[PDB]
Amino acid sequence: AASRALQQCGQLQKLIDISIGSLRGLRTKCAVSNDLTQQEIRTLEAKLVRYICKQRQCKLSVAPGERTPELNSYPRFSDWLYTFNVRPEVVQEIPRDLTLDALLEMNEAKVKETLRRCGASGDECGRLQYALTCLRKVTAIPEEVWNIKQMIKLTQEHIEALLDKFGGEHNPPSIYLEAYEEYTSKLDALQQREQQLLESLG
């Protein structure tokens, strides 16, 4: 179990590193005051949180007894902080032995006071408090199978609704065309993943 978990964290870390690069590019090379830039930042932040959660789940699936220190290093605290755009001068003022696992364990008043000691902004504290709540909520082929099937049904219904409201127009709005492309793509990704899960279950 430890070998499989460490391999998965390493794969997840490649996605994280790529995504952190793209997030920095959106934040520095794009117009941040633009509503599409903001949508894409939020979407990439969401993927990074998912990848970080999956690394943590991989580490916790192993019984605690001597899961290799390489395995215990995932997820990386700096990756999570960078996901929520914590200023790098604040990351440098963070204690070395402090981990995301510790933040999850403290109460809300202690989290905020710890962030303030590092110089975190009031805007930065609410980000991480919200992030810990979204993180804590999350912390199985058949359970993944059922959930993916519900998500396919909703995605099919979303596409049908979009087509009902905008289909067959000769000057379709760009904002509709973006949703059409994304959701028909999402349906194909989900249907593919469902086949992967039905095989794993079978």
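We number the residues from 1 along the sequence you see.
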| query | finding |
| --- | --- |
| Unmodelled deposited residues between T133 and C134, binned | none |
| Average Cα temperature factor in the PDB entry - higher stretch of 44 to 52, 60 to 68 | 60 to 68 |
| Entry-level comparison of average CA B-factors, 147 to 155 and 166 to 174, reporting the higher stretch | 166 to 174 |
| Record-listed C-alpha B factor of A161: chain third | lowest |
| CA B-factor placement of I141, once the chain's modelled residues are sorted into thirds | middle |
